[PDB]
>>> print(open('query35.cif').read())   # mmCIF, C-alpha atoms and all ligand atoms
data_work
#
loop_
_atom_site.group_PDB
_atom_site.id
_atom_site.type_symbol
_atom_site.label_atom_id
_atom_site.label_comp_id
_atom_site.auth_asym_id
_atom_site.auth_seq_id
_atom_site.Cartn_x
_atom_site.Cartn_y
_atom_site.Cartn_z
ATOM 1 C CA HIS A 4 13.241 -13.746 15.956
ATOM 2 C CA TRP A 5 12.399 -11.477 13.021
ATOM 3 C CA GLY A 6 8.745 -10.840 12.272
ATOM 4 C CA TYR A 7 6.424 -7.973 11.384
ATOM 5 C CA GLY A 8 5.761 -6.375 14.773
ATOM 6 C CA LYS A 9 6.739 -3.096 16.424
ATOM 7 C CA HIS A 10 9.797 -4.714 17.978
ATOM 8 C CA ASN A 11 10.988 -7.160 15.312
ATOM 9 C CA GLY A 12 9.547 -5.785 12.075
ATOM 10 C CA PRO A 13 11.211 -4.592 8.795
ATOM 11 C CA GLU A 14 12.790 -1.578 10.501
ATOM 12 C CA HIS A 15 14.633 -3.842 12.929
ATOM 13 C CA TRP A 16 15.956 -6.367 10.391
ATOM 14 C CA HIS A 17 19.219 -4.615 9.518
ATOM 15 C CA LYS A 18 20.552 -5.474 12.987
ATOM 16 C CA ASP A 19 20.732 -9.225 12.298
ATOM 17 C CA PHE A 20 20.828 -8.840 8.501
ATOM 18 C CA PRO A 21 23.023 -5.857 7.514
ATOM 19 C CA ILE A 22 22.267 -6.339 3.806
ATOM 20 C CA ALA A 23 18.854 -4.845 4.583
ATOM 21 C CA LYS A 24 20.519 -1.535 3.667
ATOM 22 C CA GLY A 25 22.149 -2.938 0.526
ATOM 23 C CA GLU A 26 22.331 -1.675 -3.067
ATOM 24 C CA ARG A 27 19.657 -3.926 -4.623
ATOM 25 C CA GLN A 28 16.958 -4.494 -2.015
ATOM 26 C CA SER A 29 13.313 -5.360 -2.671
ATOM 27 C CA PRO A 30 10.495 -4.509 -2.835
ATOM 28 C CA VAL A 31 10.499 -1.161 -4.635
ATOM 29 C CA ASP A 32 7.961 1.264 -6.021
ATOM 30 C CA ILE A 33 7.387 0.837 -9.748
ATOM 31 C CA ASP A 34 7.179 4.265 -11.388
ATOM 32 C CA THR A 35 5.444 3.373 -14.649
ATOM 33 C CA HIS A 36 6.593 6.619 -16.270
ATOM 34 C CA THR A 37 10.275 6.159 -15.486
ATOM 35 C CA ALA A 38 10.230 2.415 -16.273
ATOM 36 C CA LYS A 39 11.994 1.827 -19.586
ATOM 37 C CA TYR A 40 10.254 -0.076 -22.388
ATOM 38 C CA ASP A 41 12.769 -2.594 -23.705
ATOM 39 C CA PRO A 42 11.729 -4.036 -27.095
ATOM 40 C CA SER A 43 14.437 -6.711 -26.824
ATOM 41 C CA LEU A 44 12.753 -8.167 -23.730
ATOM 42 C CA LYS A 45 11.089 -11.478 -24.586
ATOM 43 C CA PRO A 46 7.651 -12.845 -23.789
ATOM 44 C CA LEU A 47 7.620 -14.625 -20.430
ATOM 45 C CA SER A 48 7.488 -18.411 -20.648
ATOM 46 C CA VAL A 49 5.411 -20.088 -17.946
ATOM 47 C CA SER A 50 5.320 -23.896 -18.268
ATOM 48 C CA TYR A 51 3.304 -25.165 -15.294
ATOM 49 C CA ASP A 52 1.489 -28.171 -16.843
ATOM 50 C CA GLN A 53 3.361 -30.943 -14.961
ATOM 51 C CA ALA A 54 3.534 -29.111 -11.624
ATOM 52 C CA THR A 55 3.452 -31.263 -8.484
ATOM 53 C CA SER A 56 2.414 -29.537 -5.260
ATOM 54 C CA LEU A 57 3.289 -31.370 -2.051
ATOM 55 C CA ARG A 58 1.948 -29.470 0.950
ATOM 56 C CA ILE A 59 1.047 -26.219 2.574
ATOM 57 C CA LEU A 60 2.845 -24.873 5.625
ATOM 58 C CA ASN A 61 2.326 -22.033 8.098
ATOM 59 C CA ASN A 62 5.875 -20.864 8.844
ATOM 60 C CA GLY A 63 4.889 -18.136 11.277
ATOM 61 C CA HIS A 64 5.411 -15.420 8.662
ATOM 62 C CA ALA A 65 3.034 -16.502 5.889
ATOM 63 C CA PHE A 66 1.959 -19.820 4.410
ATOM 64 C CA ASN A 67 3.766 -21.795 1.713
ATOM 65 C CA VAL A 68 2.536 -24.183 -0.943
ATOM 66 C CA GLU A 69 5.585 -26.283 -1.821
ATOM 67 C CA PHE A 70 6.246 -28.156 -5.034
ATOM 68 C CA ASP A 71 8.479 -31.003 -6.110
ATOM 69 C CA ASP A 72 11.463 -29.275 -7.704
ATOM 70 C CA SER A 73 13.491 -32.459 -8.270
ATOM 71 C CA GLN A 74 12.646 -32.273 -11.997
ATOM 72 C CA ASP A 75 11.797 -29.600 -14.571
ATOM 73 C CA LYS A 76 8.049 -30.049 -13.951
ATOM 74 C CA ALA A 77 7.128 -26.375 -13.464
ATOM 75 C CA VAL A 78 9.487 -23.812 -14.950
ATOM 76 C CA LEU A 79 9.791 -20.156 -15.808
ATOM 77 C CA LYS A 80 11.887 -19.128 -18.817
ATOM 78 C CA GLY A 81 12.238 -16.395 -21.409
ATOM 79 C CA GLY A 82 11.244 -12.891 -20.433
ATOM 80 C CA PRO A 83 14.478 -11.295 -19.176
ATOM 81 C CA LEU A 84 15.884 -14.643 -18.011
ATOM 82 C CA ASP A 85 18.554 -16.935 -19.408
ATOM 83 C CA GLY A 86 18.170 -20.622 -18.737
ATOM 84 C CA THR A 87 15.476 -22.440 -16.786
ATOM 85 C CA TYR A 88 14.085 -21.619 -13.333
ATOM 86 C CA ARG A 89 12.212 -24.262 -11.321
ATOM 87 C CA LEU A 90 9.204 -23.416 -9.167
ATOM 88 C CA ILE A 91 9.943 -24.334 -5.560
ATOM 89 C CA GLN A 92 6.997 -22.704 -3.797
ATOM 90 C CA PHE A 93 4.588 -19.795 -3.729
ATOM 91 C CA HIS A 94 3.319 -17.676 -0.856
ATOM 92 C CA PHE A 95 1.529 -14.418 -0.319
ATOM 93 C CA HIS A 96 1.878 -11.075 1.449
ATOM 94 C CA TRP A 97 -1.314 -9.403 2.589
ATOM 95 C CA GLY A 98 -2.588 -6.654 4.836
ATOM 96 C CA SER A 99 -5.048 -6.099 7.645
ATOM 97 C CA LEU A 100 -7.058 -3.977 5.187
ATOM 98 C CA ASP A 101 -7.644 -4.097 1.415
ATOM 99 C CA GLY A 102 -5.777 -0.805 1.018
ATOM 100 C CA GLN A 103 -2.427 -2.323 1.954
ATOM 101 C CA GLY A 104 -0.642 -5.635 1.705
ATOM 102 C CA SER A 105 1.490 -5.756 -1.438
ATOM 103 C CA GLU A 106 5.251 -5.432 -1.219
ATOM 104 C CA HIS A 107 5.827 -3.843 -4.610
ATOM 105 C CA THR A 108 3.845 -0.704 -5.357
ATOM 106 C CA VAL A 109 2.865 0.818 -8.690
ATOM 107 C CA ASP A 110 3.165 4.599 -8.825
ATOM 108 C CA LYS A 111 2.897 4.342 -5.038
ATOM 109 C CA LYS A 112 -0.347 2.361 -5.149
ATOM 110 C CA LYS A 113 -0.507 -0.584 -2.749
ATOM 111 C CA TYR A 114 -2.592 -3.653 -3.571
ATOM 112 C CA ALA A 115 -4.476 -5.845 -1.063
ATOM 113 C CA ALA A 116 -1.949 -8.654 -1.496
ATOM 114 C CA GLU A 117 0.919 -9.998 -3.565
ATOM 115 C CA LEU A 118 1.550 -13.554 -4.745
ATOM 116 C CA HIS A 119 5.143 -14.685 -5.116
ATOM 117 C CA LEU A 120 5.976 -17.706 -7.246
ATOM 118 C CA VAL A 121 9.578 -18.554 -6.366
ATOM 119 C CA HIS A 122 11.866 -20.205 -8.907
ATOM 120 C CA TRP A 123 15.563 -21.039 -8.734
ATOM 121 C CA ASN A 124 18.133 -21.217 -11.519
ATOM 122 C CA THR A 125 18.690 -24.861 -12.483
ATOM 123 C CA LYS A 126 22.334 -24.196 -13.274
ATOM 124 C CA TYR A 127 22.904 -23.974 -9.492
ATOM 125 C CA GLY A 128 21.572 -27.430 -8.564
ATOM 126 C CA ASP A 129 19.454 -26.478 -5.545
ATOM 127 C CA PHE A 130 17.700 -23.512 -3.939
ATOM 128 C CA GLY A 131 20.315 -23.265 -1.192
ATOM 129 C CA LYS A 132 23.097 -22.643 -3.699
ATOM 130 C CA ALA A 133 20.938 -20.426 -5.904
ATOM 131 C CA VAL A 134 20.366 -17.765 -3.231
ATOM 132 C CA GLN A 135 24.117 -17.150 -3.090
ATOM 133 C CA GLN A 136 24.098 -16.064 -6.750
ATOM 134 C CA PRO A 137 23.153 -12.698 -8.319
ATOM 135 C CA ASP A 138 20.955 -14.510 -10.855
ATOM 136 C CA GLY A 139 20.024 -17.525 -8.753
ATOM 137 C CA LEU A 140 16.335 -16.721 -8.307
ATOM 138 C CA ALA A 141 13.431 -15.460 -10.380
ATOM 139 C CA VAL A 142 10.330 -14.494 -8.428
ATOM 140 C CA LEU A 143 7.147 -13.847 -10.382
ATOM 141 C CA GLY A 144 5.161 -11.232 -8.495
ATOM 142 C CA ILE A 145 1.405 -10.954 -9.073
ATOM 143 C CA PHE A 146 -0.766 -8.281 -7.481
ATOM 144 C CA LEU A 147 -4.094 -9.115 -5.878
ATOM 145 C CA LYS A 148 -7.024 -6.711 -5.719
ATOM 146 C CA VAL A 149 -10.333 -7.330 -3.950
ATOM 147 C CA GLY A 150 -13.349 -7.928 -6.152
ATOM 148 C CA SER A 151 -14.638 -11.006 -7.938
ATOM 149 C CA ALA A 152 -13.440 -14.338 -6.534
ATOM 150 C CA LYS A 153 -10.551 -16.233 -8.111
ATOM 151 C CA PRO A 154 -11.777 -19.826 -8.640
ATOM 152 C CA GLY A 155 -8.241 -21.172 -8.880
ATOM 153 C CA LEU A 156 -7.454 -19.915 -5.382
ATOM 154 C CA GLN A 157 -10.326 -21.587 -3.515
ATOM 155 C CA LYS A 158 -8.529 -24.903 -2.855
ATOM 156 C CA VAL A 159 -5.830 -22.898 -1.064
ATOM 157 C CA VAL A 160 -8.293 -20.851 0.983
ATOM 158 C CA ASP A 161 -10.298 -23.850 2.234
ATOM 159 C CA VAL A 162 -7.313 -25.627 3.812
ATOM 160 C CA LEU A 163 -6.039 -22.687 5.884
ATOM 161 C CA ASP A 164 -8.034 -23.575 9.007
ATOM 162 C CA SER A 165 -5.996 -26.780 9.101
ATOM 163 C CA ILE A 166 -2.733 -24.805 9.395
ATOM 164 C CA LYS A 167 -3.937 -21.924 11.539
ATOM 165 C CA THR A 168 -0.832 -21.637 13.711
ATOM 166 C CA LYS A 169 2.951 -21.462 13.369
ATOM 167 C CA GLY A 170 4.482 -24.833 12.627
ATOM 168 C CA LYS A 171 1.357 -26.562 11.330
ATOM 169 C CA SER A 172 1.421 -28.177 7.887
ATOM 170 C CA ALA A 173 -0.866 -30.387 5.800
ATOM 171 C CA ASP A 174 -0.772 -32.453 2.611
ATOM 172 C CA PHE A 175 -1.709 -30.412 -0.451
ATOM 173 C CA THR A 176 -1.458 -32.325 -3.729
ATOM 174 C CA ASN A 177 -2.599 -31.744 -7.308
ATOM 175 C CA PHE A 178 -2.896 -27.979 -6.849
ATOM 176 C CA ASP A 179 -2.500 -26.218 -10.200
ATOM 177 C CA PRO A 180 -0.829 -22.770 -10.038
ATOM 178 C CA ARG A 181 -1.986 -21.891 -13.570
ATOM 179 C CA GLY A 182 -5.313 -21.003 -11.985
ATOM 180 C CA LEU A 183 -3.542 -18.130 -10.205
ATOM 181 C CA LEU A 184 -2.368 -16.258 -13.333
ATOM 182 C CA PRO A 185 -3.947 -13.158 -14.941
ATOM 183 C CA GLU A 186 -4.748 -13.037 -18.686
ATOM 184 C CA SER A 187 -1.708 -10.969 -19.692
ATOM 185 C CA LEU A 188 1.930 -11.737 -18.949
ATOM 186 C CA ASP A 189 3.146 -8.177 -19.654
ATOM 187 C CA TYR A 190 5.682 -7.307 -16.962
ATOM 188 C CA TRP A 191 8.265 -5.043 -15.306
ATOM 189 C CA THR A 192 11.672 -6.447 -14.329
ATOM 190 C CA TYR A 193 14.620 -5.321 -12.204
ATOM 191 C CA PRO A 194 17.449 -6.851 -10.104
ATOM 192 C CA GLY A 195 16.611 -7.163 -6.404
ATOM 193 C CA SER A 196 16.503 -9.399 -3.323
ATOM 194 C CA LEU A 197 14.476 -11.679 -1.082
ATOM 195 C CA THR A 198 11.947 -9.496 0.774
ATOM 196 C CA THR A 199 12.450 -11.257 4.120
ATOM 197 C CA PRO A 200 15.618 -12.235 5.978
ATOM 198 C CA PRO A 201 18.210 -13.281 4.914
ATOM 199 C CA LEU A 202 17.356 -10.541 2.374
ATOM 200 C CA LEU A 203 19.913 -11.963 -0.098
ATOM 201 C CA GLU A 204 20.316 -9.970 -3.319
ATOM 202 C CA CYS A 205 19.882 -12.973 -5.643
ATOM 203 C CA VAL A 206 16.578 -12.101 -7.377
ATOM 204 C CA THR A 207 15.576 -11.167 -10.871
ATOM 205 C CA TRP A 208 12.168 -9.704 -10.196
ATOM 206 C CA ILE A 209 9.380 -10.130 -12.711
ATOM 207 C CA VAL A 210 6.221 -8.289 -11.690
ATOM 208 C CA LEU A 211 3.098 -8.714 -13.793
ATOM 209 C CA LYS A 212 1.272 -5.575 -14.858
ATOM 210 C CA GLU A 213 -2.174 -7.167 -14.628
ATOM 211 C CA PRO A 214 -3.332 -8.025 -11.100
ATOM 212 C CA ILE A 215 -5.734 -10.892 -10.381
ATOM 213 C CA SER A 216 -8.935 -10.254 -8.440
ATOM 214 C CA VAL A 217 -9.912 -12.237 -5.333
ATOM 215 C CA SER A 218 -13.063 -11.942 -3.213
ATOM 216 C CA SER A 219 -13.300 -10.287 0.186
ATOM 217 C CA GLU A 220 -14.198 -13.712 1.633
ATOM 218 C CA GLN A 221 -10.986 -15.226 0.251
ATOM 219 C CA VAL A 222 -8.671 -12.549 1.661
ATOM 220 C CA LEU A 223 -10.574 -12.647 4.947
ATOM 221 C CA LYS A 224 -9.635 -16.298 5.376
ATOM 222 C CA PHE A 225 -6.008 -15.201 4.847
ATOM 223 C CA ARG A 226 -6.363 -12.827 7.812
ATOM 224 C CA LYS A 227 -7.691 -15.589 10.081
ATOM 225 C CA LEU A 228 -4.311 -17.361 10.128
ATOM 226 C CA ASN A 229 -2.022 -16.889 13.154
ATOM 227 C CA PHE A 230 1.554 -15.608 13.569
ATOM 228 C CA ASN A 231 1.800 -17.350 16.952
ATOM 229 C CA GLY A 232 2.056 -21.068 17.543
ATOM 230 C CA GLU A 233 -0.763 -23.236 18.888
ATOM 231 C CA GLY A 234 -1.496 -22.606 22.562
ATOM 232 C CA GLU A 235 -0.073 -19.087 22.686
ATOM 233 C CA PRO A 236 -1.728 -15.647 22.747
ATOM 234 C CA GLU A 237 -3.402 -15.137 19.365
ATOM 235 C CA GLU A 238 -1.820 -12.638 17.006
ATOM 236 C CA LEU A 239 -3.535 -12.598 13.627
ATOM 237 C CA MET A 240 -1.314 -13.061 10.607
ATOM 238 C CA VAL A 241 -1.761 -9.748 8.801
ATOM 239 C CA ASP A 242 0.469 -7.081 7.285
ATOM 240 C CA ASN A 243 3.336 -9.491 6.654
ATOM 241 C CA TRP A 244 4.766 -7.221 3.964
ATOM 242 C CA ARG A 245 8.003 -5.258 3.699
ATOM 243 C CA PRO A 246 7.736 -1.635 2.524
ATOM 244 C CA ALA A 247 9.352 -0.248 -0.627
ATOM 245 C CA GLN A 248 13.118 0.253 -0.510
ATOM 246 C CA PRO A 249 15.390 2.779 -2.291
ATOM 247 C CA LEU A 250 15.863 1.930 -5.980
ATOM 248 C CA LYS A 251 19.363 3.449 -5.896
ATOM 249 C CA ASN A 252 21.275 2.813 -9.121
ATOM 250 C CA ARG A 253 18.706 0.553 -10.787
ATOM 251 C CA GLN A 254 16.383 0.906 -13.759
ATOM 252 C CA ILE A 255 13.044 -0.877 -13.961
ATOM 253 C CA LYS A 256 12.467 -2.296 -17.457
ATOM 254 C CA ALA A 257 9.016 -2.852 -19.004
ATOM 255 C CA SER A 258 8.237 -5.564 -21.570
ATOM 256 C CA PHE A 259 5.279 -3.584 -22.936
ATOM 257 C CA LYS A 260 4.549 -0.172 -24.468
HETATM 258 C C1 LIG B 301 18.253 -20.833 1.594
HETATM 259 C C2 LIG B 301 18.458 -19.597 2.460
HETATM 260 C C3 LIG B 301 17.184 -19.359 3.265
HETATM 261 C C4 LIG B 301 16.148 -18.619 2.937
HETATM 262 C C5 LIG B 301 14.966 -18.169 3.277
HETATM 263 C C6 LIG B 301 14.670 -18.724 4.591
HETATM 264 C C7 LIG B 301 15.647 -19.598 5.214
HETATM 265 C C8 LIG B 301 16.897 -19.926 4.576
HETATM 266 O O1 LIG B 301 17.785 -20.764 5.240
HETATM 267 S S1 LIG B 301 18.633 -20.181 6.534
HETATM 268 N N1 LIG B 301 19.171 -18.774 6.279
HETATM 269 O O2 LIG B 301 17.764 -20.139 7.731
HETATM 270 O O3 LIG B 301 19.760 -21.106 6.798
HETATM 271 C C9 LIG B 301 13.366 -18.412 5.337
HETATM 272 C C10 LIG B 301 12.510 -17.293 4.668
HETATM 273 C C11 LIG B 301 12.537 -17.432 3.118
HETATM 274 C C12 LIG B 301 14.005 -17.230 2.559
HETATM 275 C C13 LIG B 301 14.066 -17.393 1.016
HETATM 276 C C14 LIG B 301 13.086 -16.429 0.300
HETATM 277 C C15 LIG B 301 11.646 -16.474 0.869
HETATM 278 C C16 LIG B 301 10.946 -17.742 0.249
HETATM 279 C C17 LIG B 301 10.728 -15.265 0.689
HETATM 280 O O4 LIG B 301 10.282 -15.091 -0.667
HETATM 281 S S2 LIG B 301 10.322 -13.615 -1.385
HETATM 282 N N2 LIG B 301 9.480 -12.673 -0.536
HETATM 283 O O5 LIG B 301 9.778 -13.812 -2.720
HETATM 284 O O6 LIG B 301 11.643 -13.084 -1.415
HETATM 285 C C18 LIG B 301 9.551 -15.531 1.660
HETATM 286 C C19 LIG B 301 10.167 -16.327 2.828
HETATM 287 C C20 LIG B 301 11.648 -16.352 2.415
HETATM 288 ZN ZN ZN B 302 11.035 -17.557 10.906
HETATM 289 ZN ZN ZN B 303 7.390 -13.023 -0.861
#
>>> encode(input="query35.cif", output="structure tokens")
Amino acid sequence: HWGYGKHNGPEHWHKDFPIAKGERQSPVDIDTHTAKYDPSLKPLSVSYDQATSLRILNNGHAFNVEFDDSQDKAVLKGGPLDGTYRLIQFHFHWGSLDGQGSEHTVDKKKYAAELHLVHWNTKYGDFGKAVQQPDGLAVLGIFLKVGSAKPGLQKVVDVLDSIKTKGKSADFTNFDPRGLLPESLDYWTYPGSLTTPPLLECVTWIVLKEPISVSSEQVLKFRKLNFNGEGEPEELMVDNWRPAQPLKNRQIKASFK
């Protein structure tokens, strides 16, 4: 089964998922000097006030905080998008060291981690149908750097020991994702794909310019999670990120000067 090891990592994915070598794969390196400022781009609209988290799960790749997407309780709109996109879940990608971990890079710089808030286009009814569409998903990417602690992330960090291994899950209600956002919503945007199999090219990527800072203690608790399932040889869950892919015939647009 695909993973992030020497024998089943990103380099091996194309065998079971040919689209890994497609025309609009993600992540990609964001060259801030070649990114085009587009004055017609609109401010991003993040409406997370009625968000309803349900639980946190360790899927063997990363951990997911899921939300109730049966109503327009937490949506992303505006920016480069048309219509409404419902938040279904958020997860992270981190490294074994602070110098690596993010999937997207900025002028080749890699951050310690990357938060992905996944939303699907409401015009497609459900997430399953959305992924089969070129504009079915909108993933808000937010870089994480190590420094001061992020208060809004502590509730997440403290429950990880309860889902240490693959398959484990636990209730996780009333978590507010607004505590995970940086001050500015300035962003870069480009058409891409899921960064893990099935690697479907259904994503409008929106990557925030301003990263959030987390403490070394917080990211350390991320690295204590396991890739393996309970009762198996321990393999720490680290470096679950896919490297940058060829931009090909795409242009990264910036919402700010
Ligand atoms: C709905 C299609 C589908 C998608 C996804 C999975 C299983 C799926 O079902 S399948 N292919 O096994 O029948 C498992 C891994 C999922 C992926 C959708 C995109 C996800 C949330 C990724 O988000 S990301 N990095 O922002 O692109 C992380 C894990 C990914
Ligand atoms: Zn899996
Ligand atoms: Zn992701």
>>> resolve_selection(input="query35.cif", expression="the PyMOL selection byres (((not hetatm)) within 7 of (chain B and resi 302))", output="ChimeraX atom specification")
/A:4-5,62-64
>>> resolve_selection(input="query35.cif", expression="the PyMOL selection byres (((chain A and resi 101-113) around 8) and not hetatm)", output="list in words")
residues 29, 30, 31, 32, 33, 34, 35, 96, 97, 98, 99, 100, 114, 115, 116, 117, 146, 147, 148, 149, 242, 243, 244, 245, 246 and 247 of chain A
>>> residues_near_ligand(input="query35.cif", ligand="ligand ZN 303 (chain B)", cutoff="9 Å", atoms="all atoms listed in the file", output="ChimeraX atom specification")
/A:65,93-96,106,117-121,142,144,197-199,244
>>> atom_distance(input="query35.cif", atom1="CA of residue 39 (chain A)", atom2="CA of residue 254 (chain A)")
7.4 Å
>>> resolve_selection(input="query35.cif", expression="the PyMOL selection byres (((chain A and resi 22) around 12) and not hetatm)", output="PyMOL selection string")
chain A and resi 16-21+23-29+195-205
>>> closest_residue(input="query35.cif", among="A:129, A:71, A:161, A:238", to="ligand LIG 301 (chain B)", atoms="only C-alpha atoms and all ligand atoms")
A:129
>>> atom_distance(input="query35.cif", atom1="CA of residue 44 (chain A)", atom2="CA of residue 255 (chain A)")
12.2 Å
>>> atom_distance(input="query35.cif", atom1="CA of residue 224 (chain A)", atom2="CA of residue 164 (chain A)")
8.3 Å
>>> residues_near_point(input="query35.cif", point="(1.7, -22.7, 5.8)", cutoff="10 Å", atoms="only C-alpha atoms", output="PyMOL selection string")
chain A and resi 58-69+94+162-163+165-173+228
>>> closest_residue(input="query35.cif", among="A:131, A:234, A:249, A:194", to="ligand LIG 301 (chain B)", atoms="only C-alpha atoms and all ligand atoms")
A:131
>>> closest_residue(input="query35.cif", among="A:192, A:157, A:125, A:73", to="residue 38 (chain A)", atoms="all atoms listed in the file")
A:192
>>> closest_residue(input="query35.cif", among="A:11, A:55, A:136, A:48", to="residue 74 (chain A)", atoms="only C-alpha atoms")
A:55
>>> decode(input="query35.cif", residues="region 74-147 of chain A", atoms="C-alpha atoms", output="CSV table (one decimal), in the first residue's frame")
chain,number,residue,atom,x,y,z
A,74,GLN,CA,-24.8,21.9,5.7
A,75,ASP,CA,-23.0,25.1,4.8
A,76,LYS,CA,-21.6,25.5,8.3
A,77,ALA,CA,-18.0,26.2,7.4
A,78,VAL,CA,-17.3,27.5,3.9
A,79,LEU,CA,-14.7,29.1,1.7
A,80,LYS,CA,-15.7,31.5,-1.0
A,81,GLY,CA,-14.5,34.4,-3.0
A,82,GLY,CA,-10.8,34.6,-3.8
A,83,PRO,CA,-10.4,32.9,-7.2
A,84,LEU,CA,-13.4,30.6,-6.6
A,85,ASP,CA,-16.9,30.7,-7.9
A,86,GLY,CA,-19.6,29.3,-5.7
A,87,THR,CA,-19.3,27.8,-2.2
A,88,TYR,CA,-16.9,25.2,-0.9
A,89,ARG,CA,-17.6,23.2,2.3
A,90,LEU,CA,-14.9,22.3,4.7
A,91,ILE,CA,-14.8,18.5,5.0
A,92,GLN,CA,-11.5,18.1,7.0
A,93,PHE,CA,-8.1,19.4,7.7
A,94,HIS,CA,-4.8,17.5,8.1
A,95,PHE,CA,-1.1,18.3,8.1
A,96,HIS,CA,2.2,17.3,6.4
A,97,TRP,CA,5.3,17.6,8.5
A,98,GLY,CA,8.9,16.5,8.6
A,99,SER,CA,11.4,14.7,10.8
A,100,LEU,CA,13.2,18.0,11.1
A,101,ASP,CA,12.1,21.7,11.2
A,102,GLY,CA,13.9,22.3,7.9
A,103,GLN,CA,11.5,20.1,5.9
A,104,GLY,CA,7.9,19.1,5.9
A,105,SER,CA,5.8,21.4,3.7
A,106,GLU,CA,4.6,20.2,0.4
A,107,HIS,CA,4.5,23.5,-1.4
A,108,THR,CA,7.7,25.5,-1.3
A,109,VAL,CA,8.3,29.3,-1.7
A,110,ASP,CA,11.3,30.2,-3.8
A,111,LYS,CA,12.5,26.7,-2.9
A,112,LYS,CA,12.2,27.2,0.8
A,113,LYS,CA,10.6,24.4,2.7
A,114,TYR,CA,8.6,25.0,5.9
A,115,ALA,CA,8.4,22.7,9.0
A,116,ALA,CA,4.8,21.7,8.1
A,117,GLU,CA,1.8,22.5,6.0
A,118,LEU,CA,-1.9,22.6,7.1
A,119,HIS,CA,-4.5,21.7,4.5
A,120,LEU,CA,-8.1,22.7,5.0
A,121,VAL,CA,-10.0,20.7,2.4
A,122,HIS,CA,-13.3,22.0,0.9
A,123,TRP,CA,-15.5,20.6,-1.8
A,124,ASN,CA,-17.7,22.4,-4.4
A,125,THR,CA,-21.3,22.3,-3.2
A,126,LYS,CA,-22.5,22.2,-6.7
A,127,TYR,CA,-21.3,18.6,-6.8
A,128,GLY,CA,-23.3,17.3,-3.8
A,129,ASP,CA,-20.6,15.3,-2.1
A,130,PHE,CA,-16.8,15.0,-1.8
A,131,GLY,CA,-16.8,11.7,-3.8
A,132,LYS,CA,-18.3,13.4,-6.8
A,133,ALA,CA,-16.3,16.6,-6.4
A,134,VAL,CA,-12.9,14.9,-6.8
A,135,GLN,CA,-13.9,13.8,-10.3
A,136,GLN,CA,-14.3,17.5,-11.4
A,137,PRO,CA,-11.6,20.0,-12.4
A,138,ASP,CA,-13.0,22.6,-10.0
A,139,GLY,CA,-14.4,20.2,-7.4
A,140,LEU,CA,-12.0,21.0,-4.6
A,141,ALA,CA,-10.4,24.1,-3.0
A,142,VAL,CA,-7.6,23.3,-0.5
A,143,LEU,CA,-6.4,26.2,1.6
A,144,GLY,CA,-2.7,25.6,2.3
A,145,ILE,CA,-1.1,27.3,5.3
A,146,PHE,CA,2.6,27.0,6.1
A,147,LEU,CA,3.9,26.3,9.6
